[PDB]
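**Student:**
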Amino acid sequence: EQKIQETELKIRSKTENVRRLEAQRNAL
Amino acid sequence: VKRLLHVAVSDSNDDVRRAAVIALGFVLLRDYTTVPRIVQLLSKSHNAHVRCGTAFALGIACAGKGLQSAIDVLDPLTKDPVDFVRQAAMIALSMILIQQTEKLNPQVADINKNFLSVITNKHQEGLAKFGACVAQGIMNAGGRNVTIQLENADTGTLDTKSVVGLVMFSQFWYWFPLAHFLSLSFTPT
Amino acid sequence: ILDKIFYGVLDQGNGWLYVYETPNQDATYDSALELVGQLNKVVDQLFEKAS
Amino acid sequence: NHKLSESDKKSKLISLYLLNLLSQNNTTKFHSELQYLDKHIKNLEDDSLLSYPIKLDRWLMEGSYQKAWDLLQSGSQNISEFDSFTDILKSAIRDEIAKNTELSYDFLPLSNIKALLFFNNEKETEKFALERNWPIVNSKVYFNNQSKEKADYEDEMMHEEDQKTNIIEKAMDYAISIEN
Amino acid sequence: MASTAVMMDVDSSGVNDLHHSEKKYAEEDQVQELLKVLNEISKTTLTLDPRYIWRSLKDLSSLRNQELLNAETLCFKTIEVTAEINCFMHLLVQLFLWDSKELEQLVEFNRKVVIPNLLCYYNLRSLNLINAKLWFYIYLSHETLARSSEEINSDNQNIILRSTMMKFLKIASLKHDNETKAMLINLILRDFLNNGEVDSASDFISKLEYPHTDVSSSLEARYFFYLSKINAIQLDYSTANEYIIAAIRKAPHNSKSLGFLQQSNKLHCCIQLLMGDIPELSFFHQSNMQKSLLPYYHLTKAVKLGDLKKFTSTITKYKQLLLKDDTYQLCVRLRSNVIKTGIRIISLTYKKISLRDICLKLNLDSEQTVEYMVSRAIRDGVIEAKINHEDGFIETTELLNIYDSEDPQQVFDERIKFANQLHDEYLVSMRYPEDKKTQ
Amino acid sequence: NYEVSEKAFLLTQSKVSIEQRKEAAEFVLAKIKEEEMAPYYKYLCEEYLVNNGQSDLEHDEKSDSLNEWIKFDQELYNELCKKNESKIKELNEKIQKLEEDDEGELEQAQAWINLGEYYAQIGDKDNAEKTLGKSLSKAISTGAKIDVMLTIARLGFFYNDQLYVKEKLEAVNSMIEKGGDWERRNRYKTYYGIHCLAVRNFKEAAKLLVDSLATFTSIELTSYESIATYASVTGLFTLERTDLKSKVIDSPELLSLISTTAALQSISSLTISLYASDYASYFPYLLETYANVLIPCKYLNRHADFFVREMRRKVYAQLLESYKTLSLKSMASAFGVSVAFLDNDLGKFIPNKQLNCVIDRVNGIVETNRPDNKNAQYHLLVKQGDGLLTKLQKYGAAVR
Amino acid sequence: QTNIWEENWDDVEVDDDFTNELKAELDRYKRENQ
Amino acid sequence: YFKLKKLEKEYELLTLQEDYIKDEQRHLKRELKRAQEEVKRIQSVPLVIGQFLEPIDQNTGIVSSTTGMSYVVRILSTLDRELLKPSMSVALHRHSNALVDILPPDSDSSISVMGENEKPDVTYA
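So the protein lines, in turn, are chains B, Z, L, V, P, H, E and A. In this text, residue positions in the first sequence follow full-length UniProt numbering: the first is 24, and each later residue adds one. In this text, residue positions in the second sequence follow full-length UniProt numbering: the first is 568, and each later residue adds one. In this text, residue positions in the third sequence follow full-length UniProt numbering: the first is 381, and each later residue adds one. In this text, residue positions in the fourth sequence follow full-length UniProt numbering: the first is 93, and each later residue adds one. Quick note, the fifth sequence lines up with residues 1 to 76, 126 to 488 if you use full-length UniProt numbering. In this text, residue positions in the sixth sequence follow full-length UniProt numbering: the first is 23, and each later residue adds one. In this text, residue positions in the seventh sequence follow full-length UniProt numbering: the first is 56, and each later residue adds one. In this text, residue positions in the eighth sequence follow full-length UniProt numbering: the first is 48, and each later residue adds one.
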């Protein structure tokens, strides 16, 4: 239910260090 | 993909990477979506071949599709110093850009011009001019009224044949007598 | 010894000059604490400078 | 709000029960129950029975039991119902002192310890010390090892020489590695 | 005027309208910001007679007027939904004693706000738009009771409330169902600090910290604040202080530093006492007593010596003030501790001193309780010495080493472990411009 | 101002001798006749008031006051008010003529300075400042800014005041870094070595105070023995064996004033006597120094015991460093003093911890401690980063 | 307490110097007794 | 429950999409660090001497050669500005022919040198 729902928020939250490493790949 | 990535990513030989990078846009076909965001990583590289390999797989997935976004990613790469690089980017984009032109997509003119620019440019290569003239005629193929389709949402279904010409043409400056394969995905409007 | 002109120490209960000798160590944390002092300051300043 | 009823030995009870808790040797909860208590000093001081454990604790907590150990022997609640833990406590008292003696004394006259234990027979003591497993010669409790040193666990960390360090290396190398 | 009053709230609702279409960070932080600027307009004369008319109209708006209670008459389903809720937020704001005195009226209103059409669907939708403080901040006041016969029964509305907060603790599903929460605990904590024995705090511990980020460091510190006071009679000192040390460190409070941080500081001051450390109140001279430290100083002043009478005298003097802060429980202990402290100092500095010369300090104090008293002291370590009464020699140890041991390198390790603090944090924040610049 | 403020201080300190009282206001009682000192001599007669300062014709006349010289008359004021007004009226139109003629730039400021300096004589902490401001308003010279220094120095040090002046002292010296070329740095460091000498200087300007001399002194703000005395003692009580036995070992400076003032006899005198590594000799020399030095002088008193026990302690370092093994008995007993009481405050140095002293009561024996690898070097390391780490926590405490 | 003193440690204590001098007499006087 | 099944499901792609990257990085990390190497080894000893004349800009400038050659070349990307030194005896590749590094000041040319007694042997008196 809402079980299914905020499961996103994980992925939602995940989104990010990613984009740092994105900056990092750049930064590299 | 992930394998293919690191494999491409890690590997010594570029064209491996490049091709492997290219090969991505197939297993990645069905979603062109993040492919730009994806190749955005490899849009940047120390290596052209990377940035070469990029253009196709991206230019592949959106060939019958949109994303000036995806396109515009490649326009600097259309300026990536090596004509050979942009030569793809020329083609790669034009693979996307048939039927899409004209204020629907204005930039096509530039693109077409850039071809012509290059095509006029004597110091742009027959890497560049080649791809350009091709990419031009690409947009112009079959009297320009024909399209390029794979996993055709019309059917919803793949066409192996749609694939082949690319893959065929993939190695070309390797083996020049190839591209005629590209006629496969040519599709009527 | 009181002037550290020599290295040794006095035994009272014993009544002796007890052993001792010259060195201590190398200036390091010495060298270090400088920075350890240095940094935050400009930085806290910078840390402020952002705020 | 309970003024609704109230009663008296309610004090004695908890008094006993704190003294219980006290004997139960659970310190915070003991004191946090004082904390839990609604009216503390208002209640507390007004109850000698409540006034034992606190004053005791004073004695108790840091470890001089002198009057305390006497106090409860004199304790009117010990005199009333409380002797249940009184004896319990006595031991519970001295085990500390035992460690304290342990700490304080490598060696102690089997007298002094007993004198400390308030014991009459030292064989009383002797049991404990040997229950304690204390080195003992004639007339004297000893501690040749005042402590438990070694004994299995608490290892692989906190005294791993390079290992930790290497782990720490490995760690710092992961501070170098996870550095991505 | 009321217009401008309304106009501000228009902007609020306009920023609520931001959140209405998926946009809190603006709204909440704006609402946060709004909460402060809320003090400006305040009141509710025509703000509401113009509000209940500006928005739309709903049964609850009517039942809200029972809180309003006035006369205006005059003449004059979507936008009027969470705004109304967001105004029910301001309803609570209208309750601060801002625009109110007895919220025990509002108590039920709060419920009748809280419970109906609210405390319902809001899990991720409302983002801590609940203020359970401002919920309870109401009840906080009334807990001046005394009067209530607590509450109702004993005191169940609070028990209810606890259970209601419990009813949120369920609702804390960690769907993001967090922020406001441990105020609930904090409530319950201070409820323990009102009556209960915290230790179920350990269960409250067992759950969580206010996870995590967007909670106000204030609360997050206020979290620690009580959480300190856990370790208070939990008799952990560092961690307690560490809380304080993690509370006052970066909790952001100037206005609330005033009465409220003193409290923190008070216990904080109480901490080093627990350790007998007596920092120099030479600062705690400042922003202190006045109304907070100086008994602590007197304590320190005593605890500097730890002279039981002179010690007690402070207590004797300040017990009520202690009692006022219920720091009284403390110090009852550090009494002899400092006595034992002195015992340790300018004294153990021989490999002994005798029985009787160290007993002299007790010949100053007591005798052969010394045995206990010294064992009392030795018991804790906190000193290092030995004796033999058979020797009658109270044999006072070195405490002498070098960094041959891993002891420094422990601290290095300690430093090492921290090597990731700012280092790993740099990556913790590397994102934000770098990632948002992509946007 | 100088003697004023000190004979203020002296009698305001009057404890030992009625002369400490007497000698001080003696002059003042004449010096209030010298200068119209009332307006502060007014509060100066409230200064030592409520102790022995309690006998005055204006403020308070009390028997518990041993000083009646803290008395007035309104004549002083009439005289003053006359003097003042006279002074005032003089400069008034004069300065006004300095304004009228647009007369001089500093020459305008000149009679301002005169206007101001009255308040120095007057014991007015007011117009002089404004006057100085309007002097400084007319100041085209850092030499007039020098006069600001003077003024502000005469300002604060007429009360031996504090910060603003020091701050001004900064502010006034901040303007041009010159420092009266070679000099006013003197006045700076001088007054600074007095400013910071409130109550401290301790290490700080003690050197500086020792350093430059005699390159100015002030009269009304100071004498030269003053700095010498002051400079010595703190720098002395603070600085190194080496330094002192480099410097106060002697200076021609010293050699000049040595016992010249007897106003010392002690300071490093009995301290190098201590530095001779005495035990007993110096043990009186302290209080011998003290009541001859500390009680006497403004900060020298006000700081009090900072001095007291450190040199007390200090020698023990020597005494230790001599002995690993020293019998405290051999110390405290064989040094012919209270063992225990000595030992007690000495034991009060256990918690002050500046003892490496490892010391017995019973066997009365002293031992050492040593930095080794710990030092503070590998020792201090802990906190230093911590505070940073805090700030680093603070660093991350920003985020947003 | 005033404004700015030398600050900490803290005020410590007082009545020593003379108390010492008292004994600086006495101690020495005791040493004179010695 | 449902539209998530549509919606929710799609985001593990993102989960993945995230996942890939660090990999690329670590490579790329190594990539620099391996590439980083020779970047140094670009420098090497068998160099030639000249006199730094003047930068045209950062990593550019006119210099001298001990052949008197002066040409647009490169310099240390090592140095920057305050690091860069406006006239120097310099280090040049032969063919790459660019500034490898400054020469800490040369001395002994002609002229005919200078007196050098470093710690003279003579005590006075």
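Don't be surprised by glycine CBs; every beta carbon is placed ideally from N, CA and C.
Which residues, in order along the segment 381-414 of chain H, keep a beta-carbon less than 7 Å from a beta-carbon of chain L?
**Tutor:** Of all residues in the segment 381-414 of chain H, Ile387, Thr390, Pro393, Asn395, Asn397, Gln399, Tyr400, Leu402, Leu403, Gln406, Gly407, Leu410, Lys413 have a Cβ within less than 7 Å of some Cβ in chain L.
**Student:** Exposed or buried, what is E:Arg83 when buried is set at 16 or more other beta-carbons lying within 10 Å of its beta-carbon?
**Tutor:** E:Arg83 comes out buried.
**Student:** Would you grab the beta carbon distance between V:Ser103 and V:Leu141 for me? Rounded to a whole angstrom, and I think it's under 8 Å.
**Tutor:** Contact holds; Cβ gap of about 6 Å.
**Student:** Which residues in chain B have a C-beta closer than 8 Å to the C-beta of P:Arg480? List them in chain order.
**Tutor:** The answer, in chain order, is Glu39, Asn40, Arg42, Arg43, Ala46.
**Student:** What separation, rounded to the nearest whole angstrom, lies between the Cα atoms of P:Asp456 and P:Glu329?
**Tutor:** Their backbone Cα atoms lie some 28 Å apart in a straight line.
**Student:** Using a Cβ-Cβ cutoff of less than 8 Å, which residues in the same chain neighbour Z:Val576 once the five nearest sequence positions on both sides are dropped?
**Tutor:** Excluding sequence neighbours, Z:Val576 sits near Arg584.
**Student:** Enumerate in chain order the residues of its own chain whose CB-to-CB distance from P:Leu233 is below 7 Å, with the five nearest sequence positions on each side excluded.
**Tutor:** Contacts found: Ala181, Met214, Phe217, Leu218.
**Student:** For A:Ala138, name the three-state secondary structure that DSSP assigns.
**Tutor:** Three-state DSSP puts A:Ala138 in a strand.
**Student:** Run down chain B in chain order and give the residues with a C-beta less than 8 Å from the C-beta of A:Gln72.
**Tutor:** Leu44, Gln47, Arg48, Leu51, listed in chain order.
**Student:** What distance in whole Å lies between the Cβ atoms of A:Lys69 and V:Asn272, which are believed to be in contact at a cut-off of 8 Å?
**Tutor:** Correct: roughly 6 Å between the Cβ atoms.
**Student:** Quick check on the burial criterion: 16 or more other C-beta atoms within 10 angstroms. Buried or exposed for V:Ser124?
**Tutor:** Buried is the call here.
**Student:** Between Z:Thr621 and Z:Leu596, is the Cβ-Cβ spacing less than 8 Å?
**Tutor:** Cβ atoms of Z:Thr621 and Z:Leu596: not closer than 8 Å.
**Student:** Inspect the beta-carbon positions of P:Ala5 and P:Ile41 and report whether they are closer than 8 Å.
**Tutor:** Yes, Cβ-Cβ distance for P:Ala5 and P:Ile41 is below 8 Å.
**Student:** Just to make sure I have the definition right: I need the residues of chain H whose C-beta is within less than 8 Å of the C-beta of L:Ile385. Which are they?
**Tutor:** Correct list: empty, because the minimum Cβ distance to chain H is about 12 Å.
**Student:** If we count the other Cβ atoms within 10 Å of its Cβ and call it buried at 16 or more, is P:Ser212 buried or exposed?
**Tutor:** The residue in question, P:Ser212, is exposed, as its Cβ has fewer than 16 Cβ neighbours within 10 Å.
**Student:** With which residues is P:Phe442 paired in a DSSP beta bridge?
**Tutor:** Answer is P:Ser403, P:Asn437, bridged to P:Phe442.
**Student:** Give me the chain P residues within the contact set of V:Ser124, using Cβ-Cβ distance strictly less than 8 Å, ordered along the chain.
**Tutor:** Near V:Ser124 (Cβ distances below 8 Å), the residues of chain P are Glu246, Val247, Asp248, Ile282, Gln283.
**Student:** What separation, rounded to the nearest whole angstrom, lies between the Cα atoms of E:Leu81 and E:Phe73?
**Tutor:** About 11 Å.
**Student:** Decide if H:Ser303 is buried, meaning its Cβ has at least 16 other Cβ atoms within 10 Å, or exposed.
**Tutor:** Exposed is the call here.
**Student:** With a cut-off of 8 Å, does the C-beta of E:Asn63 fall near any C-beta of chain P?
**Tutor:** Yes, E:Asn63 lies at the interface with chain P (some Cβ there is under 8 Å from its Cβ).
**Student:** In the segment 168-189 of chain P, which residues sit with their C-beta less than 8 Å from some C-beta in chain B, listed in chain order?
**Tutor:** The segment 168-189 of chain P vs chain B, Cβ under 8 Å: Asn172, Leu173.
**Student:** On the DSSP bridge assignment, give the partners of V:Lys232 in chain order.
**Tutor:** In DSSP, V:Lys232 forms a bridge with V:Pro201, V:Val229.
**Student:** Using DSSP with H/G/I as helix, E/B as strand and the rest coil, what is Z:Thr756?
**Tutor:** Looking at Z:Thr756 - three-state DSSP - the assignment turns out to be coil, as it is neither helix nor strand.
**Student:** Which ranges does the beta strand (DSSP E) cover as unbroken runs of at least 3 residues, wholly within the segment 120-208 of chain V, from first to last along the chain?
**Tutor:** The segment 120-208 of chain V contains these whole beta strand (DSSP E) runs: 199-201.
**Student:** Counting contacts by CB-CB distance shorter than 8 Å, is Z:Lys632 in contact with chain A?
**Tutor:** Output row for Z:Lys632: interface = no.
**Student:** Using CA atoms only, rank isn't needed, just tell me which of H:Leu402, H:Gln42, H:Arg331 is closest to H:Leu88.
**Tutor:** Checking every option, the nearest Cα to that of H:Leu88 belongs to H:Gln42.
**Student:** For a test of the three-state rule: what should DSSP assign to A:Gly108, helix, strand or coil?
**Tutor:** Correct three-state label for A:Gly108: strand.
**Student:** My output table needs one value for Z:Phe623: the three-state DSSP class, helix, strand or coil.
**Tutor:** Three-state DSSP puts Z:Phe623 in a helix.
**Student:** Are V:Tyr157 and P:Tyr421 touching if we call contact CB-CB under 8 Å?
**Tutor:** Cβ atoms of V:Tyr157 and P:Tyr421: closer than 8 Å.
**Student:** Note the first and the last residue of the continuous alpha helix (DSSP H) segment covering H:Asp365.
**Tutor:** It spans 361-369 - the alpha helix (DSSP H) in which H:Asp365 sits, taken as one unbroken run.
**Student:** Around the C-beta of A:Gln72, are 16 or more other C-beta atoms found within 10 angstroms, so that it is buried, or is it exposed?
**Tutor:** Buried, because 16 or more other Cβ atoms sit within 10 Å of the Cβ of A:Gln72.
**Student:** Provide the residue(s) that pair with H:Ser77 in DSSP beta bridges, ordered along the chain.
**Tutor:** For H:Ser77, which the question treats as bridged, DSSP gives the partners H:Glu83.
**Student:** Do you know how far the Cα of P:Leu448 is from the Cα of H:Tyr400?
**Tutor:** Going from the Cα of H:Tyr400 to the Cα of P:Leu448 covers about 18 Å.
**Student:** CA-CA distance, P:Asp484 and P:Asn469?
**Tutor:** Taking the straight line from one Cα to the other gives about 22 Å.
**Student:** Assuming P:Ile53 is part of the beta strand (DSSP E), what are its boundary residues?
**Tutor:** Looking at the DSSP string, P:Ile53 is not in any beta strand (DSSP E); the run it does join, the alpha helix (DSSP H), is 51-54.
**Student:** Which whole-angstrom value is the C-beta distance of H:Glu310 and H:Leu322, which I expect to be below 8 Å?
**Tutor:** So it is not a contact: roughly 14 Å between Cβ atoms.
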